[PDB]
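Engineer: when you get a sec, could you give me coordinates for this:
(one chain, ligands or ions: 1)
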Amino acid sequence: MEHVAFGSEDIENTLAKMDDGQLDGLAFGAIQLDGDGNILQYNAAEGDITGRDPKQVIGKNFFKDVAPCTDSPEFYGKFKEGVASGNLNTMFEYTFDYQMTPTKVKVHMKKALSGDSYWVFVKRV
Ligand SMILES: *C(=O)/C=C\c1ccc(O)cc1
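Structural biologist: Numbering: from 1, shown residues only. The structure is reproduced below:
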């Protein structure tokens, strides 16, 4: 396992060194989005959480296609406020209920080290 803790204050530095193969080693789910909500990386442990297979969701829009539960002021609203501000660091609980058994999760959204990319981290609660 790659040793990184969910909610780590420097998680965006640690993950900056990580390819898709190492993202899959994470103890929690991890999705990289660009400013428009497009999935750039999506890890296996999120796959286990949501049941989505990863190679298939890369390049789809998270807010519009993949995850519609998140299209609301409480998820997507925050994400968009953050994109436009150029800074994002928020944690909250949420339920995923699209085409799946309702699963409660802790979400952490953080701006990445690189310019126009954002992390979504996810873990069971
Ligand atoms: C709720 O948002 C529904 C589904 C879903 C699918 C994949 C991921 O990563 C999160 C949520």
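
Engineer: do a quick rundown of the helices in this protein.
Structural biologist: Using DSSP state H, the helices of the chain run over 11-14, 20-23, 44-50, 54-57, 76-85.

Engineer: and the chain, which of its residues are near the ligand?
Structural biologist: By CB under 6 Å from any ligand atom, the part of the chain that sits against the ligand consists of 31, 46, 50, 52, 66-70, 96, 98. For every residue, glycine as well, the C-beta is placed using N, CA and C.

Engineer: now, the residues you listed that are in strands?
Structural biologist: Using DSSP state E to define strands, the subset of these located there is 31, 96.

Engineer: for PyMOL, what selects the buried ones among the residues of the chain next to the ligand?
Structural biologist: Only the buried entries of the residues of the chain next to the ligand go into this PyMOL selection, using 16 or more other CB atoms under 10 Å:
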select buried, resi 31+46+50+52+66+67+69+70+96
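
Engineer: for residue 10, what are phi and psi?
Structural biologist: The phi/psi pair for residue 10 (degrees, to the nearest 10) reads phi -110, psi 30.

Engineer: roughly how far apart are it and residue 110?
Structural biologist: According to CB to CB, to the nearest Å, residue 10 stands 10 Å off from residue 110.

Engineer: also residue 122?
Structural biologist: 12 Å.

Engineer: next one: residue 27
Structural biologist: For residue 27, the distance to residue 110 equals 16 Å [CB to CB].

Engineer: redo the helices of the chain as a markdown table? Include distance to residue 92.
Structural biologist: Below are the helices of the chain laid out as a markdown table (distance: least, CB to CB, whole Å):
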| stretch | distance to residue 92 |
| --- | --- |
| helix 11-14 | 16 |
| helix 20-23 | 22 |
| helix 44-50 | 16 |
| helix 54-57 | 22 |
| helix 76-85 | 8 |
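
Engineer: just name the most buried of the ones you listed.
Structural biologist: Across the helices of the chain, averaging neighbours per residue (mean count of other CB atoms under 10 Å) puts helix 44-50 on top, at a mean of 18.

Engineer: closest point of the protein to the ligand, which residue?
Structural biologist: Minimum separation of the chain from the ligand (CB to the nearest ligand atom) falls at residue 69, amounting to 3.0 Å.

Engineer: ok, that residue touching residue 102?
Structural biologist: No: using CB atoms under 8 Å, residue 69 makes no contact with residue 102, being 9.3 Å away.
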